[PDB]
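Residue numbers (the deposited numbering), protein chains in the order written: chain AQ, 75 to 148; chain AU, 18 to 119; chain AD, 3 to 229; chain AT, 6 to 108, 120 to 148; chain Ad, 5 to 56.
Don't be surprised by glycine CBs; every beta carbon is placed ideally from N, CA and C.
Okay, structure first, notes after.
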Amino acid sequence: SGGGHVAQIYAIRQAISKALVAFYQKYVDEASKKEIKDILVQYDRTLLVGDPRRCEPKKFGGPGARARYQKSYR
Amino acid sequence: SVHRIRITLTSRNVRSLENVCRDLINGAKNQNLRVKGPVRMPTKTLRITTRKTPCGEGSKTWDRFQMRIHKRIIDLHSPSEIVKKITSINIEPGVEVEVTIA
Amino acid sequence: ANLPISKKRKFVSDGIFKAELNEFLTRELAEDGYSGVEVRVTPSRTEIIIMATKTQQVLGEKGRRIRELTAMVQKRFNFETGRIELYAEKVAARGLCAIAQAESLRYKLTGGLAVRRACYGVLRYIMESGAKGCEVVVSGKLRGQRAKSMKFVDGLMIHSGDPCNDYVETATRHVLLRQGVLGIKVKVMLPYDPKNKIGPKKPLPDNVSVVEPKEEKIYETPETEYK
Amino acid sequence: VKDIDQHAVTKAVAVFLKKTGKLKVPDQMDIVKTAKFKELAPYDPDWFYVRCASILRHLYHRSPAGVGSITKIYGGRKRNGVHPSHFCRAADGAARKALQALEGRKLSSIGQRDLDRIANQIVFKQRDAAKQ
Amino acid sequence: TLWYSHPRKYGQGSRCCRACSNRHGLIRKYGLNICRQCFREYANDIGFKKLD
RNA sequence: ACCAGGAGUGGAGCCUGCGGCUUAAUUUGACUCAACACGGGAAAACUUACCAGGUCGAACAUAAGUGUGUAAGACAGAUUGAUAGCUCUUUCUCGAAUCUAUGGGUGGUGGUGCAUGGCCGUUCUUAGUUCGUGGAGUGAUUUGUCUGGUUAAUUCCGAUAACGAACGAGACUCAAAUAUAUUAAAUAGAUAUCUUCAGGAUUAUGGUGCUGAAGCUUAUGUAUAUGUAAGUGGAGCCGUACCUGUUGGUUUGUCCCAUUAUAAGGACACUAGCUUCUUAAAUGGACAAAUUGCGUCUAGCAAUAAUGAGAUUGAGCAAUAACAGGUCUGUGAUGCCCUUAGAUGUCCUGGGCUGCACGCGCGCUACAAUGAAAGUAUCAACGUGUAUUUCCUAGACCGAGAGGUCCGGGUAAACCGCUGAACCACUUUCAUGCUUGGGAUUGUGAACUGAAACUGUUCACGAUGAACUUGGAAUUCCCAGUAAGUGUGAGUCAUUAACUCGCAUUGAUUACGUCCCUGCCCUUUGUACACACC
């Protein structure tokens, strides 16, 4: 749930990637875990770089967080 | 026949909210009161903002203020004849017990 | 009494409750040096522990001032007569709380501009009751028409940070001057750790104390008997 | 129903009950603007009762869904009154009587396996239609 | 009785200022009724530590 | 503060700030930066301090009727705005606070922020202040507080000329990333399977299949459906399991029992649903020998090692001396001055603050082809919500609508609600034509809130389609989940958001610096500098 009309589709990627990595750790094979990682990590398209970049709290004098509306007659 | 007395407990101070699991729940699980563990609730945060300044003329920002009060629920599958003594001991400043009778 | 009130409105109604009790109690028990109130809402009784200095006049004849206290709020809030019990407790270390000391400065400033004998002696006893830091200021008109602001610091006042969110104790006093007005603001810095200090917090903000390293018997000979 | 997205399927079902005589035509259907925001009347009526496909997912996942819980959150892309735009209720009216077009409680009792499986047989036939 | 108009039950007037009896400067609609120029002096003891 | 830019505004429309204008009065505070969507100031009246009509009475000894009514109230007709016996023609009346000329106190959103307090803003996106010992010197005050290195940092090293100086900054306070690895669920449920809501033939078909199956109509009973025959038609029918789906419980599971039914007691899987998840209450958490021809051995950028993690990371707190900054209209903080039955006070009736040839600022509405339309797909979160006042709402119902009626829920992870938000995304309709872009103006009824609406309470419908196609000189903010688009909630609230406080989605160009310019921070430095180049 959550996300939106763009960002909700993003989190499928982290789900479908790591679904193989844990079924190969404890159930199938070590090299099966190894053969699915090295194909990914060439550039990986942040399939596992879960950057915690999130929405920032807002401030005063602006319509945004790191904004400020101005010209009080300079 | 047998009652299921589900009791909410709340306080502002988390340390008293940490104090109550030290003394109340083990004085009842020693005799099988069926606490089912600490049922922590999401808190009730409230933010009020206004002009901080009487005659607020200059760089006219605001002041923020916060409040946090947290809850932790203790339900029990035991009838009324066992549970009067835990209402007497132990009592803490700023904790709120709510047991339904009628 | 019992209401269907929301719990968020239940909690703020507690805060507005104690926001009024201290009002007239500062208005009445300023001569006896009222300092603090602790309230617990227990089942079948509400216990209120007032912290005051001069406890020999908070009582009155056969509890005259005592029954005056219960006469306040059982008609102010119209609650049940029997749940409300109010008790003014003698404070420990009266020179350490010092907010009633600021209140008695109003009783000390009636000596006719005694900054030397009285206001300089304010900073004495709080050092004689042993504070690492303290503060008074006088803000108002002195020595003539135009107002003058003087500072009286002695100690270590940090003005910032969670120790300053915890070590200080504020006290603002408007005493009515013969001419017009006087505001009095005092600050204290308290030794939260050393003596008994069961519940100020007894913290240490940044002061890292490092123990003796306990040099060792490096050889550690046997000397082994077989009992 | 859990087949391909009903961009084309909602176009399909709106004619199928229109084929079987269960049109149950409204009365101000040339007058209505389905909300106090719109400036033109719609072209026809078939797009109105396409939300039986919604309640194949909304009775399925949201709730046995009333009229007020539906139309307020339904159909919002709205540019409201000019200074500036807000969000509104889309003003249902006569489509609360669309149950007569189909003939704790349930809204459509025949769309459980009797009605919706035929539409699921249609997309199963559309699976055969899109098979070449 | 006579010469006392204003059936007050609509709007601000006259349900005002449970802290200062100053009708113009109220903050009300949570349950505070504190007349917020009478809030900074009266912020304690009613909770409300600042956190950010 | 630029540059490299971006979006803008300054043009247009409109809304408000305020002046000017005018008015009975258009209450008023505040003039650079730091008055200018501020006094939360989105005001019909109320507020209100303004204007115009009214209106209340408030102490005391003195004192004099005596209680032959000192008063106090209504009819009645004037006066009224209403009834105001406020007044009064005229009537009965509880009469006593003896309603006093007199002390004087009372009150005020009266005066003064050049009387102050309190509070706040700037000085403050920096890096500075200041004390006990000395040697500097007749003293002012200097030394400390550094020549450098490095730091966001008076941050440390090192010279080291008090140090043991003290604050400041650091440090601590909050916010989602962080093993559920430990207890934790009326959040959520993962699941598992019981299931029920079952398509398909995806499956295997048993009965069956041209013999009339499926499907199709008429008649009327029952209260039109269904039943049947005929009608009817020419291949399928019906049942299962696999597939994919509602639902209900799976809390110490099942069957036990007490129980109306939960638990164990009785056994089994011996776990016939467990805690991933939301919630933390915790410790954990780039926890930095992090490798790097070591820079004045001291802090060699190097991204690179991790692989929640190359800061999870933003605010809050903020000194020293101060300024004639802000306010006496926040206040029963308040000096002084003003007043006090004929009030500025106070309550009523009103108006007005909204008045408009004019200046201006803050923002929203657009100036359309990355669109205006229609639908369609189908996504949040902070929050939010009625006990002594009528909030949040659902459900049916009516109505072009606006709204109206009825039964509910919810004092709240519980109901609203899993709030199934906008802009986008998807087929179209438009042919660029001040145009179906753009919705000012203005009629009209239809609403509805409130006792009450009229430069307006807002909202409906169908009319009306101006100005304006990128905006002169100018000038705003800003380096990432940011700018910006695009929304919701909250705040003032009976109804009135275009602002305000955060929420959430969508997600750039470009900078990763410089000391020109307006800046600013203390090291030498001339000076007539002084109330400090105004």
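Inter-residue distance for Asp35/AT and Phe53/AT is about 13 Å (C-alpha atoms, whole angstroms). One Cα belongs to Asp118/AQ, the other to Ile83/AQ, and the distance between them is close to 17 Å. Under DSSP, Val39/AD forms a beta bridge with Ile52/AD.
Taking a cut-off of 8 Å for Cβ pairs, the region 10–30 of chain AT and the region 100–108 of chain AT touch, as three or more such pairs fall below it. In the DSSP assignment, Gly44/AU falls within the alpha helix (DSSP H) that extends over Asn43 to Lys46.
Taking the C-beta atoms as reference points, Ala45/AU is found no nearer than 8 Å to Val56/AU. Counting only the Cα atoms, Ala120/AD lies some 17 Å from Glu33/AD. Here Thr44/AD is bridged, per DSSP, to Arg47/AD. In the three-state reduction of the DSSP assignment, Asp208/AD falls in the coil class, being assigned neither a helical nor a strand state. Sixteen is the threshold: when 16 or more other Cβ atoms of the shown chains lie within 10 Å of the Cβ of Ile101/AD, as they do, the residue is buried.
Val6/AT and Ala40/AT have their C-alpha atoms roughly 28 Å apart. Within the same chain, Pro96 and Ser97 come within 6 Å of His20/AU by CB-CB distance, once the 5 residues on both sides are set aside.
It is roughly 56 Å from the alpha-carbon of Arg128/AQ to the alpha-carbon of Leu144/AD.
Three or more Cβ pairs closer than 8 Å define a contact, and the region 41–53 of chain Ad meets that threshold against the region 14–24 of chain AD. What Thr78/AU touches in chain Ad, judged by beta-carbon distance under 9 Å, is nothing: the nearest beta carbon there is about 13 Å away.
Residue range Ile101 to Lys110 is occupied by the alpha helix (DSSP H) that includes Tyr109/AD, with no beta strand (DSSP E) assigned at that position. Any Cβ of chain AU closer than 8 Å to the Cβ of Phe13/AD would place that residue at the interface, and such an atom is present.
Contact annotation: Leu98/AD and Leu192/AD have beta-carbon atoms nearer than 8 Å. Using a CB distance cut-off of 8 Å, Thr27/AU does not count as an interface residue toward chain Ad.
Listed along chain AU, the residues sitting closer than 8 Å to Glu40/AD by beta-carbon distance are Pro110. In the displayed model, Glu137/AD falls within a strand according to three-state DSSP. Annotation for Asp164/AD: the continuous alpha helix (DSSP H) segment containing it runs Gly163 to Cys166.
Under the DSSP assignment, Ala70/AT falls outside any beta strand (DSSP E); it carries neither an H nor an E label. Per DSSP, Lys41/AT lies in no alpha helix (DSSP H) segment and is marked neither H nor E.
Taking the Cα positions, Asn209/AD is about 14 Å away from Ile160/AD. Around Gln16/Ad, no beta-carbon contact reaches into chain AU at under 7 Å, the shortest distance being about 16 Å. The beta-carbon of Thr70/AU is placed no less than 8 Å from the nearest beta-carbon of chain AD. In the three-state reduction of the DSSP assignment, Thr174/AD falls in the strand class. Residue contact check for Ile160/AD against chain Ad: no CB pair falls below 8 Å. In this structure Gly62/AD is exposed. Its beta-carbon is surrounded by fewer than 16 other beta-carbon atoms within 10 angstroms.
Chain AD places no beta carbon closer than 8 Å to that of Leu30/Ad, leaving this residue out of the contacts. Only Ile31, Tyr34, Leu36, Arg40, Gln41, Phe43 and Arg44 from the region 19–46 of chain Ad bring a Cβ to less than 8 Å from some Cβ of chain AU. At a beta-carbon threshold of 8 Å, the residues of chain Ad lying near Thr67/AU are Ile31, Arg40 and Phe43, ordered along the chain. Between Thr27/AU and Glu113/AU, the CB-CB gap stays under 8 Å.
Apart from the 5 residues on each side of it in sequence, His176/AD sits with its Cβ closer than 8 Å to the Cβ of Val183, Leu184, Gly185 and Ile186 in its chain, given in chain order.
In its chain, beyond the 5 residues on either side, no residue has a beta carbon closer than 8 Å to the beta carbon of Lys141/AT.
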